[PDB]
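Trainee: The structure file final17.txt (compact mmCIF, C-alpha atoms and all ligand atoms) is provided below.
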```txt
# COMPACT_ATOMS: atom_id res chain seq x y z
CA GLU A 47 23.37 25.24 -6.27
CA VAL A 48 27.00 25.57 -5.23
CA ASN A 49 27.34 22.79 -2.66
CA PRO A 50 29.82 23.49 0.21
CA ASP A 51 30.58 20.68 2.73
CA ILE A 52 31.34 21.97 6.20
CA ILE A 53 29.22 23.77 8.80
CA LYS A 54 31.87 23.74 11.50
CA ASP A 55 32.44 27.15 9.96
CA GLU A 56 30.42 30.11 8.83
CA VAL A 57 27.23 30.99 10.64
CA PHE A 58 23.77 30.45 9.11
CA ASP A 59 20.36 32.04 9.72
CA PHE A 60 18.63 28.62 9.32
CA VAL A 61 17.16 26.40 12.05
CA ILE A 62 18.05 23.04 10.61
CA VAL A 63 21.63 24.23 10.82
CA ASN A 64 21.46 25.67 14.32
CA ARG A 65 19.13 23.07 15.84
CA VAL A 66 20.29 19.84 14.20
CA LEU A 67 23.26 20.00 11.85
CA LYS A 68 25.59 21.81 14.22
CA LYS A 69 24.91 19.37 17.02
CA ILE A 70 25.83 16.21 15.10
CA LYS A 71 29.11 14.86 16.55
CA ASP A 72 30.16 13.16 13.32
CA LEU A 73 28.42 15.04 10.46
CA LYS A 74 30.45 13.19 7.91
CA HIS A 75 29.13 9.69 8.98
CA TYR A 76 25.92 10.59 7.21
CA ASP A 77 27.11 11.93 3.83
CA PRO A 78 25.83 15.38 4.29
CA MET A 79 24.90 16.49 0.81
CA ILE A 80 24.35 20.22 1.18
CA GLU A 81 23.73 22.63 -1.69
CA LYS A 82 23.34 26.37 -1.11
CA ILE A 83 20.58 28.15 -2.94
CA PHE A 84 20.95 31.32 -4.96
CA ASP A 85 22.18 32.44 -8.36
CA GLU A 86 19.02 31.75 -10.42
CA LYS A 87 17.87 35.31 -10.93
CA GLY A 88 18.01 35.47 -7.08
CA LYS A 89 21.15 35.80 -4.93
CA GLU A 90 21.88 33.90 -1.63
CA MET A 91 18.58 32.70 -0.15
CA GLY A 92 18.04 29.09 0.82
CA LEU A 93 19.82 25.95 1.98
CA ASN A 94 19.17 22.45 0.72
CA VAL A 95 20.20 19.65 3.06
CA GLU A 96 20.26 15.91 2.62
CA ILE A 97 21.41 13.44 5.27
CA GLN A 98 21.66 9.64 4.79
CA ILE A 99 20.31 7.89 7.86
CA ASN A 100 21.51 4.57 6.50
CA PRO A 101 24.82 5.47 4.79
CA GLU A 102 25.35 1.75 4.16
CA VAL A 103 22.50 1.77 1.65
CA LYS A 104 22.37 5.02 -0.21
CA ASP A 105 18.86 6.52 -0.26
CA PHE A 106 17.29 3.71 1.77
CA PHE A 107 16.55 6.04 4.63
CA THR A 108 17.19 9.73 4.07
CA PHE A 109 16.45 13.09 5.63
CA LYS A 110 16.00 16.21 3.53
CA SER A 111 15.44 19.81 4.56
CA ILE A 112 14.73 22.75 2.29
CA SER A 113 15.27 26.10 3.92
CA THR A 114 14.48 29.49 2.29
CA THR A 115 14.18 33.18 2.99
CA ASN A 116 11.21 32.60 5.28
CA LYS A 117 9.99 28.99 5.38
CA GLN A 118 11.59 25.51 5.85
CA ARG A 119 10.14 22.13 4.85
CA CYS A 120 11.19 18.75 6.20
CA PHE A 121 11.05 15.32 4.61
CA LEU A 122 11.78 11.73 5.50
CA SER A 123 12.34 8.82 3.04
CA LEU A 124 12.11 5.18 3.91
CA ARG A 125 12.37 2.59 1.04
CA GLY A 126 11.39 4.82 -1.85
CA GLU A 127 8.49 6.40 0.10
CA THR A 128 8.75 10.17 0.87
CA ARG A 129 6.72 11.95 3.54
CA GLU A 130 6.94 15.56 4.58
CA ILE A 131 7.21 16.17 8.30
CA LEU A 132 6.65 19.25 10.46
CA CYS A 133 10.03 20.76 11.30
CA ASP A 134 10.01 21.07 15.12
CA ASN A 135 12.00 20.34 18.27
CA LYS A 136 10.29 16.91 18.50
CA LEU A 137 11.76 15.95 15.12
CA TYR A 138 15.09 17.53 15.95
CA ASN A 139 15.49 15.48 19.11
CA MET A 140 14.55 12.34 17.29
CA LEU A 141 17.05 13.28 14.64
CA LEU A 142 19.94 13.80 17.02
CA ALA A 143 18.93 10.76 19.10
CA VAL A 144 19.71 8.80 15.91
CA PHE A 145 22.59 10.83 14.54
CA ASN A 146 24.49 11.08 17.85
CA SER A 147 24.17 7.49 19.07
CA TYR A 148 26.35 5.78 16.51
CA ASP A 149 29.07 3.97 18.52
CA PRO A 150 30.40 0.50 17.63
CA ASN A 151 30.61 -0.36 21.29
CA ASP A 152 26.92 0.15 21.50
CA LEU A 153 25.29 -0.80 18.17
CA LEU A 154 22.27 -2.01 20.04
CA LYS A 155 21.28 1.41 21.42
CA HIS A 156 21.88 3.18 18.09
CA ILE A 157 19.86 0.64 16.09
CA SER A 158 17.27 1.14 18.80
CA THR A 159 16.81 4.85 17.91
CA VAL A 160 16.94 4.09 14.15
CA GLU A 161 14.01 1.63 14.46
CA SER A 162 12.17 4.10 16.62
CA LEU A 163 12.35 6.73 13.85
CA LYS A 164 10.95 4.33 11.21
CA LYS A 165 8.11 3.77 13.62
CA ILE A 166 7.61 7.55 13.72
CA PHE A 167 7.73 7.58 9.93
CA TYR A 168 4.67 5.33 9.36
CA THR A 169 2.90 7.62 11.86
CA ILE A 170 2.94 10.83 9.89
CA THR A 171 -0.46 12.19 8.84
CA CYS A 172 -1.06 15.35 6.86
CA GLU A 173 -4.05 17.30 8.19
CA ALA A 174 -5.82 20.64 7.72
CA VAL A 175 -8.37 22.54 9.82
CA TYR A 176 -11.81 22.50 8.18
CA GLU B 47 0.20 4.26 -17.87
CA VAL B 48 -2.59 3.82 -20.40
CA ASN B 49 -4.79 6.84 -19.68
CA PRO B 50 -8.56 6.30 -20.27
CA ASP B 51 -10.93 9.32 -19.94
CA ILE B 52 -14.36 8.37 -18.68
CA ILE B 53 -15.61 7.00 -15.36
CA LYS B 54 -19.28 7.17 -16.25
CA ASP B 55 -18.47 3.58 -17.14
CA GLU B 56 -16.64 0.65 -15.67
CA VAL B 57 -16.60 0.17 -11.93
CA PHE B 58 -13.46 0.75 -9.81
CA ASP B 59 -12.33 -0.55 -6.42
CA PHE B 60 -10.87 2.91 -5.51
CA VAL B 61 -12.31 5.50 -3.12
CA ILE B 62 -11.34 8.62 -4.98
CA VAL B 63 -13.43 7.24 -7.80
CA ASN B 64 -16.43 6.21 -5.71
CA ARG B 65 -16.36 9.10 -3.23
CA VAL B 66 -15.36 12.05 -5.42
CA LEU B 67 -14.90 11.45 -9.12
CA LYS B 68 -18.23 9.77 -9.71
CA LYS B 69 -20.12 12.54 -7.98
CA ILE B 70 -18.76 15.40 -10.08
CA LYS B 71 -21.62 16.70 -12.29
CA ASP B 72 -19.29 17.97 -15.02
CA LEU B 73 -16.07 15.90 -14.79
CA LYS B 74 -14.83 17.33 -18.01
CA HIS B 75 -14.84 21.00 -16.73
CA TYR B 76 -11.73 20.11 -14.79
CA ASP B 77 -9.54 18.34 -17.38
CA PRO B 78 -9.48 15.05 -15.67
CA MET B 79 -6.09 13.62 -16.53
CA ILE B 80 -6.36 10.00 -15.46
CA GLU B 81 -3.74 7.33 -16.13
CA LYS B 82 -4.26 3.71 -15.09
CA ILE B 83 -1.39 1.91 -13.47
CA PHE B 84 -0.05 -1.48 -14.46
CA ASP B 85 2.15 -3.04 -17.12
CA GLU B 86 5.59 -2.38 -15.55
CA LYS B 87 6.39 -5.90 -14.44
CA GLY B 88 3.02 -5.64 -12.58
CA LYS B 89 -0.46 -5.93 -14.13
CA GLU B 90 -3.53 -3.73 -13.28
CA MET B 91 -3.02 -2.17 -9.84
CA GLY B 92 -3.35 1.55 -9.28
CA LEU B 93 -5.06 4.68 -10.56
CA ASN B 94 -3.43 8.05 -11.02
CA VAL B 95 -5.79 11.02 -11.03
CA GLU B 96 -5.22 14.68 -11.71
CA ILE B 97 -7.91 17.35 -11.61
CA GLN B 98 -7.40 21.05 -12.49
CA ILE B 99 -9.22 23.21 -9.97
CA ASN B 100 -8.47 26.28 -12.05
CA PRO B 101 -8.77 25.00 -15.64
CA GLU B 102 -8.27 28.59 -16.82
CA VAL B 103 -4.66 28.46 -15.67
CA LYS B 104 -3.21 25.04 -16.14
CA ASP B 105 -1.44 23.77 -13.00
CA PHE B 106 -2.19 26.87 -10.94
CA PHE B 107 -4.39 24.92 -8.60
CA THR B 108 -4.48 21.16 -9.02
CA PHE B 109 -5.63 18.05 -7.23
CA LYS B 110 -3.80 14.75 -7.57
CA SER B 111 -4.62 11.32 -6.18
CA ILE B 112 -2.50 8.20 -6.41
CA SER B 113 -4.37 5.02 -5.67
CA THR B 114 -2.79 1.53 -5.45
CA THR B 115 -3.46 -2.03 -4.43
CA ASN B 116 -3.85 -1.03 -0.80
CA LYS B 117 -3.07 2.65 -0.10
CA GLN B 118 -4.08 6.05 -1.61
CA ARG B 119 -2.27 9.38 -1.25
CA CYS B 120 -3.76 12.82 -1.82
CA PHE B 121 -2.11 16.06 -2.90
CA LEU B 122 -3.03 19.67 -3.45
CA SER B 123 -1.04 22.26 -5.51
CA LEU B 124 -1.43 25.98 -5.26
CA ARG B 125 1.04 28.21 -7.23
CA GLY B 126 3.88 25.75 -7.62
CA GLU B 127 3.61 24.57 -3.98
CA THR B 128 2.59 20.90 -3.39
CA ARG B 129 1.25 19.55 -0.11
CA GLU B 130 0.02 16.07 0.63
CA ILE B 131 -3.34 15.86 2.35
CA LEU B 132 -5.08 13.07 4.26
CA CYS B 133 -7.64 11.46 1.98
CA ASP B 134 -10.91 11.57 3.97
CA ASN B 135 -14.58 12.51 3.79
CA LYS B 136 -13.68 16.05 4.99
CA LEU B 137 -11.49 16.54 1.91
CA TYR B 138 -14.02 14.85 -0.33
CA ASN B 139 -16.80 17.21 0.70
CA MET B 140 -14.56 20.19 0.24
CA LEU B 141 -13.65 18.81 -3.14
CA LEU B 142 -17.21 18.38 -4.34
CA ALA B 143 -18.28 21.68 -2.75
CA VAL B 144 -15.83 23.22 -5.26
CA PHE B 145 -16.27 20.88 -8.19
CA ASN B 146 -20.11 20.88 -8.10
CA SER B 147 -20.76 24.59 -7.60
CA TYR B 148 -19.60 25.88 -10.95
CA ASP B 149 -22.60 27.72 -12.45
CA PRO B 150 -22.31 30.99 -14.42
CA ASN B 151 -25.49 32.23 -12.83
CA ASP B 152 -23.80 31.97 -9.52
CA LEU B 153 -20.05 32.65 -9.92
CA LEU B 154 -20.01 34.25 -6.52
CA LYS B 155 -20.89 31.06 -4.60
CA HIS B 156 -18.47 28.91 -6.62
CA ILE B 157 -15.56 31.33 -6.19
CA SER B 158 -16.57 31.29 -2.54
CA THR B 159 -15.80 27.55 -2.20
CA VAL B 160 -12.60 27.88 -4.30
CA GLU B 161 -11.20 30.54 -1.91
CA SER B 162 -12.25 28.43 1.03
CA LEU B 163 -10.15 25.51 -0.25
CA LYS B 164 -7.01 27.69 -0.66
CA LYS B 165 -7.57 28.68 2.94
CA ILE B 166 -7.64 24.98 3.83
CA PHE B 167 -4.46 24.52 1.80
CA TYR B 168 -2.25 26.88 3.87
CA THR B 169 -3.62 25.00 6.91
CA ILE B 170 -2.15 21.60 6.23
CA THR B 171 0.41 20.34 8.75
CA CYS B 172 2.22 17.03 8.60
CA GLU B 173 2.51 15.42 12.04
CA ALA B 174 3.62 12.17 13.68
CA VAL B 175 3.02 10.67 17.13
CA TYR B 176 6.20 10.74 19.23
CU CU C 201 23.60 3.92 11.80
CU CU C 202 -14.03 27.38 -11.21
```
With the file now loaded, output its structure as structure tokens.

Mentor:
Amino acid sequence: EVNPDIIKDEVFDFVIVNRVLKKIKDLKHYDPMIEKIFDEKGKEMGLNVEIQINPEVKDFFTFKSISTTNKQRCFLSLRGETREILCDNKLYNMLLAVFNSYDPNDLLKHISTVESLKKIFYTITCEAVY
Amino acid sequence: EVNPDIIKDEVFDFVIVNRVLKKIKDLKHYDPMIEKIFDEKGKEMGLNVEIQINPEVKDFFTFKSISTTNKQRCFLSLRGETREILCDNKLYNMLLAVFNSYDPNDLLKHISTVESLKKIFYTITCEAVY
């Protein structure tokens, strides 16, 4: 609801914030759109995060995370197509690998991790145990 | 877009229709909401299917399938929560197991398969290869 802007501040009992957000050198590069959830009949509960992986083309490649009381769900968007992804350390490392490698003196490496993540994207399958 | 109603008719080059829809004894029990996709700048392309697994409580437990030119995506909804699921024969059998076991002389068996599918639901994880 109310959407703050900076994490370099108050603490949060959310993993996306401790595991990924807080370790991004330049959080602003990525247009962090971050609403906080509560005031709806409830009162201070979840966090709703959106990062642009390609801030040159809004919404071309985005990362969203919805965190609540108990659960968290993760999503990736590439070219209009959304896919949920398991929130884990594998995804986190891939996320920071991309987020923390921007550096104009090494575009090649950064773009390398970006293309690696799209690869991951097309890989996601949603499965159950039968 | 234009939403037909009956499959006991024309043929379709879509798996949801050949593998699941066409094998449901009483397709109407489940409020098949089925739009056909095309006329949008395109022209005859996809099929958009929605089945109510609990037709007593609209949208409490639903199954949706979006089929297009090449791909198909599958979704399950239980109590407001949506989760994509891999479209395969495992899901199909689970689907018909539920859809084809309605029978007032054996509510117990039917309800048995319904509860088994909710179980499956909470099991779905979305994973990539790293
Ligand atoms: Cu970049
Ligand atoms: Cu039933």

Trainee: Using all atoms listed in the file, which of B:74, B:136, B:164, B:87 sits nearest residue 122 (chain B)?

Mentor: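 Distance minimum relative to residue 122 (chain B) lands on B:164.
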
Trainee: Distance cut-off 10 Å, counting all atoms listed in the file - which residues of chain A neighbour chain B? Return them as a PyMOL selection string.

Mentor: chain A and resi 120-121+129-134+136-137+140+162-163+165-176

Trainee: Just to confirm, what's the straight-line distance from CA of residue 161 (chain B) to CA of residue 149 (chain B) in Å (one decimal)?

Mentor: 15.8 Å

Trainee: Show me which residues are within 9 Å of ligand CU 201 (chain C) counting only C-alpha atoms and all ligand atoms, and format the list as a JSON list (two decimals) with C-alpha atoms, keeping the file's coordinate frame.

Mentor:
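The file below, out.json, is the result:
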```
[["chain", "number", "residue", "atom", "x", "y", "z"],
["A", 75, "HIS", "CA", 29.13, 9.69, 8.98],
["A", 76, "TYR", "CA", 25.92, 10.59, 7.21],
["A", 99, "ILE", "CA", 20.31, 7.89, 7.86],
["A", 100, "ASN", "CA", 21.51, 4.57, 6.50],
["A", 101, "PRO", "CA", 24.82, 5.47, 4.79],
["A", 102, "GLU", "CA", 25.35, 1.75, 4.16],
["A", 144, "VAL", "CA", 19.71, 8.80, 15.91],
["A", 145, "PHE", "CA", 22.59, 10.83, 14.54],
["A", 147, "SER", "CA", 24.17, 7.49, 19.07],
["A", 148, "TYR", "CA", 26.35, 5.78, 16.51],
["A", 149, "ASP", "CA", 29.07, 3.97, 18.52],
["A", 153, "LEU", "CA", 25.29, -0.80, 18.17],
["A", 156, "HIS", "CA", 21.88, 3.18, 18.09],
["A", 157, "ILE", "CA", 19.86, 0.64, 16.09],
["A", 160, "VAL", "CA", 16.94, 4.09, 14.15]]
```

Trainee: To one decimal place, how far is CA of residue 84 (chain A) from CA of residue 47 (chain A) in Å?

Mentor: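 Interatomic distance, CA of residue 84 (chain A) to CA of residue 47 (chain A): 6.7 Å.
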
Trainee: CA of residue 69 (chain A) and CA of residue 142 (chain A), how far apart in Å?

Mentor: 7.5 Å

Trainee: Please determine, counting only C-alpha atoms and all ligand atoms, which residue among B:138, B:115, B:127, B:108 has the shortest atom-to-atom distance to ligand CU 202 (chain C).

Mentor: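 Of B:138, B:115, B:127, B:108, the one nearest ligand CU 202 (chain C), counting only C-alpha atoms and all ligand atoms, is B:108.
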
Trainee: Between B:95, B:59, B:70, B:53, which residue has the minimum interatomic distance to residue 143 (chain B), considering all atoms listed in the file?

Mentor: B:70

Trainee: Under the rule that only C-alpha atoms and all ligand atoms are counted, which of B:112, B:139, B:77, B:119 is the nearest residue to ligand CU 202 (chain C)?

Mentor: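 The shortest atom-to-atom distance to ligand CU 202 (chain C) comes from B:77.
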
Trainee: Report the centre and edge lengths, in Å to one decimal, of an axis-aligned box enclosing every atom of region 73-90 of chain B listed in the file, padded by 8 Å on each side, as JSON.

Mentor:
```
{"center_x": -4.8, "center_y": 7.5, "center_z": -15.3, "size_x": 38.5, "size_y": 42.9, "size_z": 21.4}
```

Trainee: Would you pick out the contacts of residue 54 (chain B) at 12 Å or less, using only C-alpha atoms, so that residues sharing its chain but fewer than 5 positions from it are not included, and give the list as number ranges by chain?

Mentor: B: 63-64, 67-74

Trainee: So that I have them on file, write out the residues from the current selection with C-alpha atoms, as an mmCIF file, in the coordinates of the input.

Mentor:
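As written to disk, out18.cif reads:
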```
data_model
loop_
_atom_site.group_PDB
_atom_site.id
_atom_site.type_symbol
_atom_site.label_atom_id
_atom_site.label_comp_id
_atom_site.auth_asym_id
_atom_site.auth_seq_id
_atom_site.Cartn_x
_atom_site.Cartn_y
_atom_site.Cartn_z
ATOM 1 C CA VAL B 63 -13.430 7.240 -7.800
ATOM 2 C CA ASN B 64 -16.430 6.210 -5.710
ATOM 3 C CA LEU B 67 -14.900 11.450 -9.120
ATOM 4 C CA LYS B 68 -18.230 9.770 -9.710
ATOM 5 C CA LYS B 69 -20.120 12.540 -7.980
ATOM 6 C CA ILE B 70 -18.760 15.400 -10.080
ATOM 7 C CA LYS B 71 -21.620 16.700 -12.290
ATOM 8 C CA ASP B 72 -19.290 17.970 -15.020
ATOM 9 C CA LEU B 73 -16.070 15.900 -14.790
ATOM 10 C CA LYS B 74 -14.830 17.330 -18.010
#
```

Trainee: Return the single residue from B:113, B:135, B:65, B:106 that is closest to ligand CU 202 (chain C), with distances computed using only C-alpha atoms and all ligand atoms.

Mentor: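 So, comparing all the options, the nearest one is B:106.
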
Trainee: Point out the residue among B:52, B:125, B:107, B:117 with the least atom-to-atom distance to ligand CU 202 (chain C), counting only C-alpha atoms and all ligand atoms.

Mentor: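 Ranked by minimum distance to ligand CU 202 (chain C), first place goes to B:107.
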